[PDB]
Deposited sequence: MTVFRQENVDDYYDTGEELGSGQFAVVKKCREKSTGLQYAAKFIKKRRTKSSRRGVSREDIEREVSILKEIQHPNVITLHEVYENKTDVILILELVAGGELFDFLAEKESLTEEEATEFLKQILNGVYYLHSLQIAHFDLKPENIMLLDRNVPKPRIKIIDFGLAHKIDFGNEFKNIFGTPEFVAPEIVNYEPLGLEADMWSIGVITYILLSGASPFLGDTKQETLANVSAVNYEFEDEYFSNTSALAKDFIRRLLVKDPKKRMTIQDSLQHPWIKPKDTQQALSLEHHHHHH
């Protein structure tokens, strides 16, 4: 699938940088014809068949295809896609309140503040999983606020760079996500499905309530070993005033066997969440 090959600079002006990663950088931008503001994600293309630098076109096309399907208040929307010899440039909805991760460093949240964020995450993931889309990269870095100066900020899931359609119940590919947030099946290179996202939600919930990462070791290999062994516990120093029902929600997500883990529908009916 080919994308728009006119120079993006003829149609947009760029501004402040919003984030940069391994092979991509995101810049605030403004469409000249409308004055509307977006986030331009420049993804570096691979320049040879067998290179390790840049992103393969198959991977770029999958991210674009997923983004084109989604329209939900808690997920980023795609506006346009351009390309040139060096980059694919996705013009994405602008979410400018910063990461949940940076918001988290400023506060530990109350259970109400946690559940207000968490319910929005669950609603976005419910939409995705209903479409058989696994995100495969859920973590505070990929949750951005619309306005960080309201008591209950609205959030959007970003970065569909690892997302896959799961039309056969599972996909057998390597997912090099962030060790602190990946499920045991990712660590063990097993077939992957929607369940991996539910584990990540359990990790996110633990962090929201405590400010601490449940599996984090001193090295990436320690973290991955802890994940595979389900080596976590609720430290009383951090959880002493957290309700047992909140701990129960987490416990039913941080389950090694994907088949025994709560699904997204289970998580919405769980007594901690269900109104």
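Missing from the model relative to the deposited sequence are positions 1, 109, 278 to 293 (no C-alpha coordinates, numbering from 1).
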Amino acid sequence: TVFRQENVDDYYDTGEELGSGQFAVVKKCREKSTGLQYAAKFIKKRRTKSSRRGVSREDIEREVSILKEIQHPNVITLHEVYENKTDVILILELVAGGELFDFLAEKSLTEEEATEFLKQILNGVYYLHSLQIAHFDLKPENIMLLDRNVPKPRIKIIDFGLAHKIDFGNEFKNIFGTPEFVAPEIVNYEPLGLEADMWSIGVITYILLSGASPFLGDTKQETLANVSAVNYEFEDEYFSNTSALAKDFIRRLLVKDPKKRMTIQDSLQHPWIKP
From here on, numbers count along this sequence of modelled residues.
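The term rigid core refers to the most C-alpha atoms you can superpose between the two forms while keeping them within 1.5 Å.
Once the structures in 8 other deposited structures of this protein are superposed via the core, the pair 24 to 32 and 56 to 64 is resolved in favour of 24 to 32 as the more displaced stretch (C-alpha RMS). In 8 other deposited structures of this protein, superposed on the rigid core, the segment with the larger root-mean-square CA displacement between 205 to 213 and 46 to 54 is 46 to 54. Legend: mean Cα B-factor per stretch from the PDB entry, 169 to 177 versus 97 to 105; the higher mean is in 97 to 105. Note on 150 to 158 vs 86 to 94: mean CA B-factor is higher in 150 to 158. Per the PDB record, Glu116 has a higher Cα B-factor than any other of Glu190, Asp137, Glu116, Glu195. Per the PDB record, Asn241 has a higher Cα B-factor than any other of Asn241, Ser213, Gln221, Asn231. Sorting the modelled residues of the chain by their CA temperature factor places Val25 in the middle third. Among the modelled residues of its chain, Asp266 has a C-alpha B-factor that falls in the lowest third according to the deposited record. Ranked against the other modelled residues of its chain, the C-alpha B-factor of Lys247 as given in the entry falls in the lowest third.
Placement of the Cα temperature factor of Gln120 within the chain: lowest third of the modelled residues, per the deposited record. Among the modelled residues of its chain, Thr205 has a C-alpha B-factor that falls in the lowest third, as given in the PDB entry.
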